[PDB]
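Report on the following structure.
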Amino acid sequence: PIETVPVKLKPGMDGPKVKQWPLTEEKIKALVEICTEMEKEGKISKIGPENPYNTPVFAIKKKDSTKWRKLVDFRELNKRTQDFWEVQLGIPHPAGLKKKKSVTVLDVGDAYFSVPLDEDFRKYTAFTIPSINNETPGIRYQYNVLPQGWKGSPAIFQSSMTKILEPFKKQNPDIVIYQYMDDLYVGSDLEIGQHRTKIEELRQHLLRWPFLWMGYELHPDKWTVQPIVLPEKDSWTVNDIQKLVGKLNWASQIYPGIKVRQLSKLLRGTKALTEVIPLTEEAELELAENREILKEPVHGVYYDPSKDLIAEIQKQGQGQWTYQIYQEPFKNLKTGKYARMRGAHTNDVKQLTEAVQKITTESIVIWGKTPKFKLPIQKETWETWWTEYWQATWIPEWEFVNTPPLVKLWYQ
Amino acid sequence: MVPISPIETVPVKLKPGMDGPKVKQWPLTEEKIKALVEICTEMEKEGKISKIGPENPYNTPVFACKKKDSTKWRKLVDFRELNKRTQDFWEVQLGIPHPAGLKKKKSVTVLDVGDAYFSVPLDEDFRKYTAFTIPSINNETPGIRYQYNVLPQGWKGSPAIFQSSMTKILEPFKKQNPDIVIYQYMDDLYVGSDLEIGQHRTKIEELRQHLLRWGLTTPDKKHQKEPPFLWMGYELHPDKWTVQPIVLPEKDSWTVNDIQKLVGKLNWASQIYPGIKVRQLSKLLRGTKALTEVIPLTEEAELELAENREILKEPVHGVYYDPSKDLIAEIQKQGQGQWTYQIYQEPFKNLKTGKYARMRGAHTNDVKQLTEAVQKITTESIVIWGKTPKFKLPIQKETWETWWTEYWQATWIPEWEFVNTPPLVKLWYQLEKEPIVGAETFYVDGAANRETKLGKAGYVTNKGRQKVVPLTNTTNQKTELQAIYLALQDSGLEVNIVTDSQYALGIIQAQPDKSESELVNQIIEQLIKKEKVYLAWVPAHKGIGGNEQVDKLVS
DNA sequence: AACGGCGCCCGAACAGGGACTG
DNA sequence: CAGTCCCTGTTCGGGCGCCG
Ligand SMILES: Cc1cn([C@H]2C=C[C@@H](COP(=O)(O)OP(=O)(O)OP(=O)(O)O)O2)c(=O)[nH]c1=O
Ligand SMILES: [Mg+2]
Ligand SMILES: [Mg+2]
């Protein structure tokens, strides 16, 4: 009884044609059970080989959840319909969400299964369930309703979502609600008891209309930044000062007032690296001035809503991971550090996966965008293991880099 | 008026703005003429082919080749121009079934659908785009032109349509017999069950009659009721499997195309024969781009070929997968970037073997390559069995711990254990984390002219030691590496080296033990001889330390 | 002389970053 | 500041094996 909102690809782009990757046994058995129920409910339908489009599919378990969740890698289809969920029917991002004391993330993707999808667009939601040892050919489906993980789903459902959230927003004018992908970000300044109580009221508000019982809690007011810090030693060697001048020189690309004149004068000659060099009166002054500049904010650094977010990550060792979010080089909008995450001191890929998810969650709260990541890992290493540790219902873009640490810039 | 088959048709369109094929026939021998006129007449009576007239302005040439191990001929259509104008299909065949992934079944039956493509219909609105003439005489009768009502052999949409149609027909039968495994690859059907031999044939005949409802015939010619079953090019026995006999050519004079076939069969043989190498054989296929050019076998390529033939002498076999037991994968280093592995569940009962010998990167080490081998085995195991095997690796836990904790890139190996089988994988040198007290400090640098290709490399030290070496036909990057090589040559067992070269430092910090660069290999050899090496980096052209002094010498 | 699938080892074409030169 | 170079990386298409 709902007219299908017409959806069109961006001009000059065809549908996604991404190959399905191998899946573990437990994931295939989970997807077969999930897709059989969805097909019985009419949410998906089997298709043939005349649909040349395809999108990868796998399954995940959210944090502290034992239930499988179907996850579709709609990253290719999303950027081929970008003029829809950003130009035609966009969702405004509230600047106050990051200022709230507590923010709960609710999975509302199951509500999208009630709205039908445009018949002319269902062919672009095709996916293929693989088989172990290639016992059978691929089992292909397509979506009949709004699919989870597609950026067009919250855009079309936004009209329905507003009417559902309208009585609750009038009841609580101080609560900030933001919708991104399959998630609903609910932020308030109430106490932990009052907040979780109001979250349950919103849950009951949605029930009167399978992961709604979960509630991942955030505290953006407690989010910290990791500035550039300089070492403080009682004695300085030639090697110490050579590392300091190298670090300050690279930092000059961000802070133009940093000077290294008086510090480079200490290294006049051809000295041994372990020779202790006492700091002169001018060197103490120049080093103290550079410490204040590193505390000052960078000039002309603000968010441009028309530019993509870029996230770089560095592996610092011993469970330490630093990161910077920026749109222009040396114009970091945020720098931070993670430590002692899951997999610390045993699994680099699990930690890197966790860091990517944390950074993306912060970017959704602060700017409403997911950044494109520059991952310090080999492509084959990441593509072998990352799905084993992914616990989010969205997937950011990423590329793979290899930058040896010539100087520890973000973590001494 | 042709009857519509029970199989649901697949709607096939074409690329917009394009029409159908209009290609002239190919003059063939009179032998092929008397082997296609009889086919188009039989298929016309069976409803598989209808005759057309002048209202079909299309044409496509056809040819025929003898079937392997059969008196019957095979008809193929050269639809290469039709494929360029036909819509793209997504292939539902995601891989090739491997016998090591098969589980133990009490009874096994291998079927084979007769006239596979000729039993699945074509789209109604698409039959008009398949026109072709058949001359009964090479230059007399013009020959009445026919069309296709089924799937032609040679069309790029025929495999995907058949594989998808076969699945929809088997879906109701598999729902009625859940405990029966049916490996469906193209037309061949592997049917296995734990039922008794008597009860197994009963369900086989139920399946044979089930497929017959859609016009799919399973003749007794290719019906396999007893081992050894020939399935996917293997010999399947009740408790073991093996590859069909692999014959390697033995020529007195070897050319390029002969080695390509030789290396190919050794790759196919390495799935069950442990220890096969094709490094020195494939090395002969470099540079030369003439498939009909004789290439003499090098002494390394000859010994490699001799060792592979002796491996193929003794008959080897693989076993089947038992889900109740764990998966074990063990790797050995074969040297020269060559790795071999075995996957098994019981000791010395290999499910399958394999090799990893890919050389990625100009500079690397055995630890990086072992990591890449583990990743290849993991993905291979997820395809075949859907799970990661426990690894037995020839690297100490302490060695692996030192590497991944100190590497700047994320790297990981799944659950594994150390196996003490030499040659062990180790790191051949360790760069110090702090400068070495009492070790001479070398400030190295190198510069080269872009035009004349001339350059200099050298160093200055805190003790006054100095060197400048002129170099010809070099680059800025080479002189920086050369400067470090000089500092290693002229220093004691412990040395601190200061460079401004991000290029050279990035190579050495990754602790390579092998390189395509002779200069890097010489540097690696020096690094191994040292007891303590500390590499430090400073920005160039900043008047920092002795780096400013050595910069004047080499520039 | 046809089609589709997977694997390997190969080379040519292309991309991207430090670094030098106009 | 551009425009190159040197170097190293990925992508892809073809060679071969093998299946149907
Ligand atoms: C071997 C082969 C096969 N095919 C396609 C056609 C039918 C299926 C199966 O081929 P087949 O089993 O050997 O022959 P088929 O048509 O089934 O006829 P029968 O020999 O089984 O009676 O794959 C092909 O197009 N080209 C080929 O070279
Ligand atoms: Mg057959
Ligand atoms: Mg230099």
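Quick note: numbers below take in every heavy atom, side chains included, and nothing from hydrogens, waters or symmetry partners. In the text below, chain A, chain B and the rest are named by the order of the sequence lines, each starting its count at 1.
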Exercise for the section: Identify whether any heavy atom of B:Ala160 sits under 4.0 Å from a base atom; if not, whether one sits that close to sugar-phosphate; answer base, sugar-phosphate or nothing. Expected result: nothing
Problem - Side-chain N or O of A:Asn402 closer than 4.0 Å to phosphate OP1/OP2 of D:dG9 - result: no
Practice task
Remember a base hit wins even if backbone is also touched, and classify B:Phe79 as base, sugar-phosphate or nothing at under 4.0 Å, heavy atoms.
Solution key: nothing
Handout entry: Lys/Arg-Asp/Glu bridge criterion (N-O < 4.0 Å) met for B:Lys352, B:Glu380
Key = yes
Practice task
Grab the NZ-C1' distance between B:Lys75 and C:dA1 for me, whole Å please.
Solution key: 14 Å
Practice task
Tell me whether the centres of the aromatic rings in B:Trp241 and B:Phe229 are closer together than 6.0 Å.
Solution key: no
Exercise for the section: Just call it for B:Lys376: base, sugar-phosphate, or nothing, with non-hydrogen atoms closer than 4.0 Å on any strand. Expected result: sugar-phosphate
Practice task
Using a 4.0 Å heavy-atom cut-off across all strands, classify B:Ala269 as base, sugar-phosphate, or nothing.
Solution key: nothing
Handout entry: D:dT10: north vs south, judged on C1'-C2'-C3'-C4'
Key = south
Practice task
Check whether the side chain of B:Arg450 and the base of C:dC20 form a donor-acceptor pair under 3.5 Å.
Solution key: yes
Handout entry: Euclidean distance for P, C:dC3 against D:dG13 (whole angstrom)
Key = 15 Å
Practice task
May I have the distance from A:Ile310 (atom CD1) to C:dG16 (atom P), rounded to whole angstrom?
Solution key: 12 Å
Fill in the blank from the handout: B:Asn308 atom CG is separated from C:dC8 atom P, nearest whole Å, by 17 Å
Practice task
Find the distance B:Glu304:CD to C:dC9:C1' and express it as a whole number of Å.
Solution key: 13 Å
Practice task
For residues B:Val23 and B:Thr60, determine if any side-chain heavy atom of one lies less than 4.5 Å from a side-chain heavy atom of the other.
Solution key: no
Exercise for the section: Kindly say if B:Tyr185 contacts the phosphate of C:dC6, meaning a side-chain N or O under 4.0 Å from OP1 or OP2. Expected result: no
Problem - side-chain N/O A:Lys19 vs C:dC6 OP1/OP2, d < 4.0 Å - result: yes
Exercise for the section: Using the P atom as the reference point in each nucleotide, state the distance between D:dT8 and C:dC9 in Å, no decimals. Expected result: 22 Å
Problem - P gap between D:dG3 and C:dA12, integer Å - result: 28 Å
Problem - Between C1' of D:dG17 and CG of B:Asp258, the distance in whole Å - result: 15 Å
Fill in the blank from the handout: On the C1'-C2'-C3'-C4' criterion (positive north, negative south), the furanose of D:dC5 is north
Fill in the blank from the handout: Residue pair B:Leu262/B:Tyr503 against DNA chain D: nearer the 5' end by closest nucleotide is B:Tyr503
Exercise for the section: Determine the contact category for B:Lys453: base if any of its heavy atoms lies under 4.0 Å from a base atom, sugar-phosphate if only primed atoms, P, OP1 or OP2 are that close, otherwise nothing. Expected result: sugar-phosphate
Fill in the blank from the handout: Here the distance between atom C1' of D:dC7 and atom CD1 of B:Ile507, to the nearest Å, is 9 Å
Exercise for the section: Remember a base hit wins even if backbone is also touched, and classify B:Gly154 as base, sugar-phosphate or nothing at under 4.0 Å, heavy atoms. Expected result: base
Practice task
State yes or no: are the ring centers of A:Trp382 and A:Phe373 separated by less than 6.0 Å?
Solution key: no
Practice task
Output yes when at least one side-chain N/O atom of B:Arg360 is less than 4.0 Å from OP1 or OP2 of D:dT8, else no.
Solution key: no
Completion exercise
Which of B:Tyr234, B:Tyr185, B:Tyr183 passes ring-ring contact (aromatic ring centres under 6.0 Å, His included) with B:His98? It is B:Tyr234
Handout entry: Distance below 4.0 Å between B:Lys283 side-chain N/O and C:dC10 OP1 or OP2
Key = no
Handout entry: Furanose pucker, C:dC9, classified by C1'-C2'-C3'-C4'
Key = south
Practice task
Give a yes/no on whether any side-chain N or O of B:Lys32 is located under 4.0 angstrom from OP1 or OP2 of C:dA1.
Solution key: no
Handout entry: B:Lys251 with B:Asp258: basic N within carboxylate O range, under 4.0 Å
Key = yes
Fill in the blank from the handout: In whole angstroms, the gap separating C1' of D:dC16 from CD1 of B:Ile246 amounts to 14 Å
Fill in the blank from the handout: Quick note, B:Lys265 side chain, CB onward, closest among D:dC19, D:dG17, C:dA1 is D:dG17
Exercise for the section: State whether a side-chain donor-acceptor pair under 3.5 Å links A:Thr381 with B:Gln375. Expected result: yes
Practice task
Quick one: label B:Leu291 by what it contacts on the DNA or RNA (base, sugar-phosphate, nothing), any heavy atom closer than 4.0 Å.
Solution key: nothing
Exercise for the section: Would you indicate, from the sign of the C1'-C2'-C3'-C4' dihedral, whether D:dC12 has a north or a south sugar? Expected result: south
Exercise for the section: Mind telling me the pucker class of C:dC20, north or south, from the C1'-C2'-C3'-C4' torsion? Expected result: south
Problem - Residue whose closest nucleotide on DNA chain D lies nearer the 5' end, B:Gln260 versus A:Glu380 - result: A:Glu380
Handout entry: B:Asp78 side-chain proximity, nearest of D:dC18, C:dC10, C:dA1
Key = C:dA1
Practice task
Would you mind classifying the nucleic acid contact of B:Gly157 as base, sugar-phosphate or nothing, using non-hydrogen atoms under 4.0 angstrom?
Solution key: nothing
Handout entry: Side chain to side chain, B:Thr130 and B:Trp155, heavy atoms closer than 4.5 Å
Key = no
Handout entry: For atom NZ of B:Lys156 and atom P of C:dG4, their distance in whole Å
Key = 8 Å
Exercise for the section: Would you please confirm or rule out a distance under 4.0 Å between OP1 or OP2 of C:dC9 and any side-chain N or O of B:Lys355? Expected result: yes
Practice task
Please determine if A:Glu380 and B:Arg360 form a salt bridge, counting it only when a charged side-chain N lies under 4.0 Å from a carboxylate O.
Solution key: yes
Problem - Backbone of B:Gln477 reached by a side-chain donor or acceptor of B:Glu480 within 3.5 Å - result: no
Practice task
Looking at every strand, decide which applies to B:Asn257 at a 4.0 Å heavy-atom threshold: base, sugar-phosphate, or nothing.
Solution key: sugar-phosphate
Exercise for the section: State which of C:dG5, D:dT10, D:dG17 makes the closest approach to the side chain of B:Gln93. Expected result: C:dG5
Handout entry: Residues touching DNA chain D, which here means a heavy atom under 4.0 Å, drawn from residues 475-485 of chain B
Key = B:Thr475, B:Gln477, B:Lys478
